[PDB]
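*Asks:* Questions regarding the structure given below will be posed in turn.
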Amino acid sequence: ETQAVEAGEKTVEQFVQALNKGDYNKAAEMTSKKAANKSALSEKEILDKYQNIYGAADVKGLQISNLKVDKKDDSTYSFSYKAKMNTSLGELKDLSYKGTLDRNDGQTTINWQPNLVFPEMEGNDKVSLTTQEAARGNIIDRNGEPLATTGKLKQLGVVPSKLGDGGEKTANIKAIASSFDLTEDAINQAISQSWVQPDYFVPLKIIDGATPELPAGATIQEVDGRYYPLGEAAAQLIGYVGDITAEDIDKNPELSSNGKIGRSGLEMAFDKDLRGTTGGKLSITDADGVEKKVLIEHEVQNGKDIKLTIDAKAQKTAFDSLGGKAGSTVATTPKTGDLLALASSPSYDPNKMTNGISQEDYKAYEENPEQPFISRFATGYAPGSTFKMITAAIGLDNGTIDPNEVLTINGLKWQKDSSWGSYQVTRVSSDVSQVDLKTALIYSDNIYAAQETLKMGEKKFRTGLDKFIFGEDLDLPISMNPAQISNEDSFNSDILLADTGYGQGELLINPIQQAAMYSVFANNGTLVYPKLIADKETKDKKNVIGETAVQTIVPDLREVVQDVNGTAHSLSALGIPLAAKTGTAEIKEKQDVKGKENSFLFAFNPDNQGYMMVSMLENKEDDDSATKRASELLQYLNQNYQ
């Protein structure tokens, strides 16, 4: 008997697998003939039964356990098992299935019955599913301001019949295009789509502002939709939602096919918390309508709100100050890690992305060489000559750097020996030959940094660098790679070591990780991990650099602003207590023989430690710099974060 009991087990398991994979034909072909005490339906009728019922509830992933196959008659084997499955209303668990098998000739088949769809079905019972959509949660400021919310939008559209016939039609179209900032070709292509019928409402755009005058055939209808009040100023961070597709439902049936799904940014990172859970009832009914068994039922749970450390006024000021140029700005409260602003420029319109965007406009975003879809605050860059601060702090800690000892540096270029060939560390001024640490920080002297790094050596340099967060995964709902010192564990190059010393080489640190590292100067050498979710706890890392080093470097960083030749001296206009460090990075991209240049600014309040800022300009235009663009954000942070 055990040979056939095994054949039965194999048959039941092959059946369950075909149902699990959605191959309902293959499962139907394992059923015995249609007869009393055999199969209740034919193969095709069984296929159509599973396709309708399991398709209606979006059944996914049938799993069984506790399978038993016994023997009853000479050719009849009884099976039983427990099963669970996923539906658009959550997991159905603890299902007791039951049936009999048939052995004729040399093969074993399943005596199919309706109770092998759901357990307590019989005869011509039917399945009903009712669903209520969950409302999407909000994303809000550290003070409750909406960053992503669900508002009532004014949808402009035209009805082709109420437009005219010939000359009145062309004139009305012209009026619409000129009164709502549309093109005549767009309106004509819209009303000419295959799906349009003459009496239909053809939607054109979402009107933000005050509805102007409505020419003949134009109509304003209200619709509910996701709305981003800061717009492109927070697009990369917040992201946007899009229409849910059949393929999203196949991967997660607990979504709402009628709803919206986060496609990038925080909308996608927190899509589960924000989407809520669908409400409704899955039931077995009788020959018609009469409920006989409720399989799953629960009420709709609307999505939860997400509250960020962001300050929406800082976010808007940070983004606007970049003037549409390529770059990024990160602002923190360095003693807690609160991320006040994460701006990336240039940017895209998230309200346009979510309310239906042209293929031309979308492609413009994708072919823009400055790539507005990039989240530059989460992209790793060489940190630039700003990094001298870190190298200095490390050198003060391990006793390599005497603050008051001078190096003799002549000219604008320096190389260790001739083996460096055509590589040379460069500085901007040759007016100071006797360079100590304060002079090097004030004038941004890379030759000093390069020489002190070479003197320190790789081991001590890395011992100091390893106390920071290279290799660590920050606990943030933003997709990023951990910062690195170089490609390998060794530089194996005096050039690369010197290069790394002033923030170049193979260093990759995204702007958020930079603000994390530079926080040591606002916390006496303690690193304070950045924080984006307001309710989260402050995390930190003690003794990253020495308190003596901080107290030596920060007064020099004040002079970067106050000294008449300091590289950030234009910020002394502000009349606020500032410590700053400028920086540049030289980049060789393959599509240009002349190299590109990244411009950096680091600044914080050395009196109260209330704010900190790291701004960067990528592939800067001539006569442009992060420092030139920082006064507005610095005034704001200084006023409101003490």
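All residue names refer to the structure tokens as shown: chains lettered A, B, ... in order, residues numbered from 1 in each chain, ligands numbered from 1 in order.
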Can you pull out every residue within 12 Å of residue 431 of chain A, counting only C-alpha atoms, but drop anything in the same chain fewer than 4 positions away, and send it as a ChimeraX atom specification?
*Replies:* /A:408-412,427,435,439,443,445,565
*Asks:* Any chance you can output those residues with N, CA, C and O atoms as a compact mmCIF listing (two decimals), in the first residue's frame?
*Replies:*
```txt
# COMPACT_ATOMS: atom_id res chain seq x y z
N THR A 408 58.07 74.94 4.64
CA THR A 408 58.49 75.88 3.62
C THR A 408 57.95 75.40 2.29
O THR A 408 58.39 74.38 1.76
N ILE A 409 56.96 76.12 1.75
CA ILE A 409 56.30 75.75 0.50
C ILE A 409 56.49 76.91 -0.46
O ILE A 409 56.05 78.03 -0.18
N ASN A 410 57.14 76.64 -1.59
CA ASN A 410 57.47 77.67 -2.57
C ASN A 410 56.71 77.42 -3.87
O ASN A 410 56.73 76.30 -4.40
N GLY A 411 56.07 78.46 -4.37
CA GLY A 411 55.39 78.37 -5.63
C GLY A 411 53.97 77.85 -5.50
O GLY A 411 53.37 77.81 -4.42
N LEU A 412 53.44 77.41 -6.63
CA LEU A 412 52.08 76.92 -6.70
C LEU A 412 51.97 75.41 -6.85
O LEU A 412 50.86 74.88 -6.71
N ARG A 427 48.47 74.61 -5.27
CA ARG A 427 47.81 75.58 -4.40
C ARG A 427 47.54 76.86 -5.18
O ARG A 427 48.12 77.12 -6.23
N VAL A 435 54.23 78.09 5.98
CA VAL A 435 52.84 77.67 6.13
C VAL A 435 52.72 76.78 7.35
O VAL A 435 53.28 75.68 7.39
N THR A 439 47.49 78.80 8.67
CA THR A 439 47.63 79.36 7.33
C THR A 439 47.07 78.41 6.28
O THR A 439 46.37 78.83 5.36
N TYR A 443 43.95 79.58 3.89
CA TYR A 443 44.19 79.72 2.46
C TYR A 443 43.86 78.46 1.66
O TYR A 443 43.97 78.49 0.44
N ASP A 445 45.44 75.37 1.60
CA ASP A 445 46.74 74.99 1.03
C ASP A 445 46.82 73.48 0.92
O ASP A 445 47.09 72.79 1.91
N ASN A 565 41.87 87.35 3.73
CA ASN A 565 42.25 86.45 2.65
C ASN A 565 41.71 85.04 2.85
O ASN A 565 42.05 84.14 2.06
```
*Asks:* I want to know what sits within 9 Å of residue 376 of chain A, based on only C-alpha atoms, with residues of the same chain fewer than 2 positions away left out; could you give that as a list in words?
*Replies:*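 Within the cut-off, the hits are residues 236, 326, 327, 328, 329, 342, 343, 344, 345, 373, 374, 378, 379, 380, 510 and 511 of chain A.
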*Asks:* Residues near segment 459-475 of chain A, anyone? I mean within 6 Å using only C-alpha atoms, not counting same-chain ones fewer than 2 positions away, as a PyMOL selection string.
*Replies:* chain A and resi 394+457+482-484+544
*Asks:* Kindly export the residues of the current selection with N, CA and C atoms, as a compact mmCIF listing (two decimals), in the first residue's frame.
*Replies:*
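Contents of result35.txt, as written:
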```txt
# COMPACT_ATOMS: atom_id res chain seq x y z
N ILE A 394 43.43 64.33 12.52
CA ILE A 394 44.14 63.07 12.70
C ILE A 394 45.61 63.33 13.00
N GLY A 457 52.05 59.22 7.20
CA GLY A 457 52.12 57.90 6.63
C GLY A 457 50.76 57.20 6.60
N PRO A 482 27.82 52.70 1.58
CA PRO A 482 28.71 53.21 2.62
C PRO A 482 29.92 53.92 2.02
N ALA A 483 30.33 55.00 2.67
CA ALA A 483 31.53 55.72 2.26
C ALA A 483 32.75 54.80 2.28
N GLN A 484 33.73 55.10 1.44
CA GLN A 484 34.97 54.34 1.38
C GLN A 484 36.17 55.28 1.43
N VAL A 544 36.06 60.12 18.35
CA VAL A 544 36.48 59.93 16.97
C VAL A 544 37.74 60.73 16.69
```
*Asks:* Excluding same-chain residues fewer than 5 positions from segment 521-537 of chain A, what lies within 6 Å of it counting only C-alpha atoms, as a list in words?
*Replies:*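 So the residues in contact are residues 307, 308, 309, 337, 338, 339, 516, 542, 543, 544, 545, 546, 547, 550 and 609 of chain A.
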*Asks:* Residues of the last selection are to be written out with C-alpha atoms, as a PDB file, in the first residue's frame.
*Replies:*
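Saved to part-v1.pdb:
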```
ATOM      1  CA  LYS A 307       7.093  62.901  10.463  1.00  0.00           C
ATOM      2  CA  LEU A 308      10.541  64.014   9.289  1.00  0.00           C
ATOM      3  CA  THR A 309      13.328  66.082  10.792  1.00  0.00           C
ATOM      4  CA  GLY A 337      21.830  64.644  13.813  1.00  0.00           C
ATOM      5  CA  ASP A 338      18.449  66.048  12.706  1.00  0.00           C
ATOM      6  CA  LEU A 339      18.455  66.436   8.930  1.00  0.00           C
ATOM      7  CA  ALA A 516      28.090  62.941   9.819  1.00  0.00           C
ATOM      8  CA  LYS A 542      32.616  58.859  21.015  1.00  0.00           C
ATOM      9  CA  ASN A 543      36.303  59.778  20.740  1.00  0.00           C
ATOM     10  CA  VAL A 544      36.476  59.934  16.967  1.00  0.00           C
ATOM     11  CA  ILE A 545      38.977  62.800  17.124  1.00  0.00           C
ATOM     12  CA  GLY A 546      40.497  64.469  20.158  1.00  0.00           C
ATOM     13  CA  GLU A 547      38.940  67.370  22.010  1.00  0.00           C
ATOM     14  CA  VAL A 550      38.725  70.329  17.879  1.00  0.00           C
ATOM     15  CA  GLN A 609      26.447  74.394  17.631  1.00  0.00           C
TER      16      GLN A 609
END
```
*Asks:* Quick one: DSSP strand (DSSP E) residues in segment 282-510 of chain A, as a count of residues only?
*Replies:* 37
*Asks:* Just want the 7 Å neighbourhood of segment 43-45 of chain A, counted on only C-alpha atoms, with same-chain residues fewer than 4 positions away dropped. Output as an NGL selection string.
*Replies:* :A and (28-29 or 49)
*Asks:* Just to be explicit: take each residue in the selection above, keep N, CA and C atoms, and write the result as a PDB file, in the first residue's frame.
*Replies:*
```
ATOM      1  N   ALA A  28      -5.774  21.108 -13.292  1.00  0.00           N
ATOM      2  CA  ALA A  28      -7.003  20.448 -13.715  1.00  0.00           C
ATOM      3  C   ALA A  28      -6.721  19.121 -14.411  1.00  0.00           C
ATOM      4  N   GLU A  29      -5.602  19.016 -15.131  1.00  0.00           N
ATOM      5  CA  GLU A  29      -5.282  17.779 -15.836  1.00  0.00           C
ATOM      6  C   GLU A  29      -4.861  16.645 -14.908  1.00  0.00           C
ATOM      7  N   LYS A  49     -12.961  27.658 -13.069  1.00  0.00           N
ATOM      8  CA  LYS A  49     -13.343  27.878 -11.677  1.00  0.00           C
ATOM      9  C   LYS A  49     -12.213  28.543 -10.903  1.00  0.00           C
TER      10      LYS A  49
END
```
*Asks:* Using DSSP on the backbone, list every residue of segment 191-284 of chain A that comes out as alpha helix (DSSP H), and give them as an NGL selection string.
*Replies:* :A and (235-238 or 246-251 or 265-269 or 271-275)
